[PDB]
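See structure below.
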Amino acid sequence: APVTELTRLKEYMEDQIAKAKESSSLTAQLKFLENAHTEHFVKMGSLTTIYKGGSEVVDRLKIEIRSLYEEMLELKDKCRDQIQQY
């Protein structure tokens, strides 16, 4: 059910990224960002196996998810860098 799975993934990532930005400790921020990372890895791996193109609904969600993925990569890197530094 790619459309429902991608809807859930998009909103899951947005929710976790938002909670990361509101977290106090680096540890808590990292947990939310890693949750976004894990869910993206698991769900997009499954999508790649079953979907190559041909749906506007899926394509819109994939573009939205990609933006969240890129934001997550930068936030996660900054968080982990700060954890290592301190």
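Counting from 1, the numbers follow the sequence of the chain as shown.
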Hydrophobic cluster identity match, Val42 and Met13, side-chain contacts under 4.5 Å:
no

Please lay out, stage by stage, how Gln82 and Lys78 fare under the test side-chain contact (heavy atoms from CB on, under 4.5 Å).
CA-CA 6 Å; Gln82 284 201 289; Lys78 297 281 151 189; 5.6 Å; no

Assess whether side chain to side chain donor-acceptor pair (under 3.5 Å) is satisfied between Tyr51 and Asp59, documenting all intermediate values.
CA-CA 10 Å; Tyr51 181 81; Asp59 286 354; 2.7 Å; yes

Rounded to the nearest 0.5 angstrom, the CD-NZ distance for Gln29 and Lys21 is 10.0 Å

Verify same cluster id: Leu61, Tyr12 (apolar side-chain graph, 4.5 Å)
no

Does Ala1 offer a backbone N or O that forms a donor-acceptor pair with the side chain of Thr4 under 3.5 Å?
no

Are any of the side-chain nitrogens in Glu5 or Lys10 under 4.0 Å away from the carboxylate oxygens of its partner?
no

Run the side-chain contact (heavy atoms from CB on, under 4.5 Å) test on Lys43 and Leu6 for me, step by step, so that the C-alpha distance in whole Å, both residues' side-chain angles and the decisive distance to 0.1 Å come before the verdict.
CA-CA 8 Å; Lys43 293 296 175 173; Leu6 290 188; 5.6 Å; no

Is any side-chain N of the basic residue among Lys76 and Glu71 closer than 4.0 Å to the acidic one's carboxylate O?
no

Using the side-chain hydrogen bond (donor to acceptor under 3.5 Å, both in side chains) rule, pick out the option among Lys31, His37, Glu39 that qualifies with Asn35.
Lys31

Heavy-atom pair with the smallest gap, counting every atom of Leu9 and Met44
CD2-SD, 3.7 Å

Please check if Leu47 and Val3 belong to a single hydrophobic cluster, counting links between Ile, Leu, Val, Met, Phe, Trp and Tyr side chain heavy atoms closer than 4.5 Å.
yes

Of all the heavy-atom pairs spanning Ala36 and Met72, show the shortest one and how long it is.
CB-CG, 4.1 Å

Shared ILVMFWY cluster between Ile65 and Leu75, side chains joined below 4.5 angstrom?
yes

Note: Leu68 and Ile17 closest approach over all heavy atoms is O-CD1, 3.5 Å

CG on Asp81 to OH on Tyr86, rounded to 0.5 Å
11.0 Å

Below 4.0 angstrom, N of the basic side chain to O of the carboxylate: do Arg60 and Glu56 qualify?
no

Tell me, do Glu34 and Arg80 make a side-chain contact under 4.5 Å, heavy atoms counted?
yes

Flag yes if more than 12 heavy atoms outside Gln84 fall under 6.0 Å of its CD atom; otherwise flag no.
no

List the atom of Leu33, the atom of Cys79, and the distance in Å for their closest heavy-atom pair.
CD1-CB, 4.1 Å

Taking all atoms of both residues into account, what is the closest heavy-atom pair of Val58 and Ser55, and its distance?
N-OG, 3.1 Å

Hey, mind stepping through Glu11 and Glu64 against side-chain contact (heavy atoms from CB on, under 4.5 Å) and telling me if it holds?
CA-CA 10 Å; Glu11 297 188 10; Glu64 292 172 355; over 6 Å; no

